[PDB]
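Next up: a single chain in structure tokens, the form deposited in one PDB entry.
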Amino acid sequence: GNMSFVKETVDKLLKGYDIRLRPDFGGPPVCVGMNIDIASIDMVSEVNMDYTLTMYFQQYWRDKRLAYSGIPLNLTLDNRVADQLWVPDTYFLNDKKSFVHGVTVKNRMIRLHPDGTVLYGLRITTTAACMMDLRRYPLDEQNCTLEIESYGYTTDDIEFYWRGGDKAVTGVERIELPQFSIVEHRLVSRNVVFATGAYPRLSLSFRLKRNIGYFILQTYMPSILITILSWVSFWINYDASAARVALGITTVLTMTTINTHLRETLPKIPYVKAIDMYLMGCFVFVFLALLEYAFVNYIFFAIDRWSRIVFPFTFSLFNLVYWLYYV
């Protein structure tokens, strides 16, 4: 209540405070507790193999230099005080681009406690790398992580833990990605060794399951409809050369445009995906349908009836094997 008294107390705390030295410098490591509140996952990019996360990132640690007596309150201080305090040198090892939000002020909090506990909060948006296995795309499940580490302090000097254990990360229910469901999240703690020493690590990972629905509509269904279209040829008289050859060409070429378009939406991976396998199967069906007519055409100068039954049935077999293997 007495602002001169509080001002005196805080001035005394910061008098001769050396930001260069961690709490308990030269002694046991400072334990830093970390909790995350997820605001959003804005984007997941296959082409860039990354995702964009917004979170409230909070760090908890005790600094005995900041302990104060005679005030039974937690002091919430203006965020600019953070520049006069030691804070951990935490970074995100797999981040590509990150920033602290700055409007209307730096989205930063400092709360001091009488025992010298410092609560330091930041609102961060990060684009973080996530290597994806697209062999089953778009029936794939991905593991995207956020790796949290101390940059310069080893485990001799700093230690990390998930504050609250399995409850340290909140807001996973808020994530609303149209193309993915969050199956699970996990929290891990370990030490990572480099040439410069052993460093504390915290890892947050998510299991993402792709929703098929968009892909059924966008790629699978057009391919099915083109393949069915190709079969119309077999009901046309063999003298209708222009009509039946037109059907063969248009379906074959449409399947090429669909294939090439699709792979321009994705990174230039050297392996075959699940969707590639489907499109290649569909291409073979429609190509053989045209070749069937070439064969009929070839001898006329029963086969059509045989095509009317065998082709749709074979496509059913193809689909059965495919969707069983991958679903």
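Throughout, rigid core stands for the largest set of C-alpha atoms superposing within 1.5 Å between the two forms. So that there is no doubt, residue numbering starts at 1 and follows the sequence shown.
Heads up, the form deposited in another entry isn't pictured, but that's what we're talking about next.
Undergrad: Which listed residue (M131, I212, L93, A243) has a Cα shift of at least 2 Å between this form and the one not shown, rigid core superposed?
TA: So the residue whose C-alpha moves 2 Å or more is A243.
Undergrad: How does the C-alpha distance between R263 and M49 change in the other entry compared with the present structure, closer or farther, given a change of 3 angstroms or more?
TA: It is farther: in the other entry, the C-alpha atoms of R263 and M49 lie at least 3 Å more apart than they do here.
Undergrad: Kindly indicate if, in the other entry, the C-alpha atoms of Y214 and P267 are closer or farther apart than in the structure shown, bearing in mind the change is 3 Å or more.
TA: Compared with this form, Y214 and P267 lie closer in the other entry.
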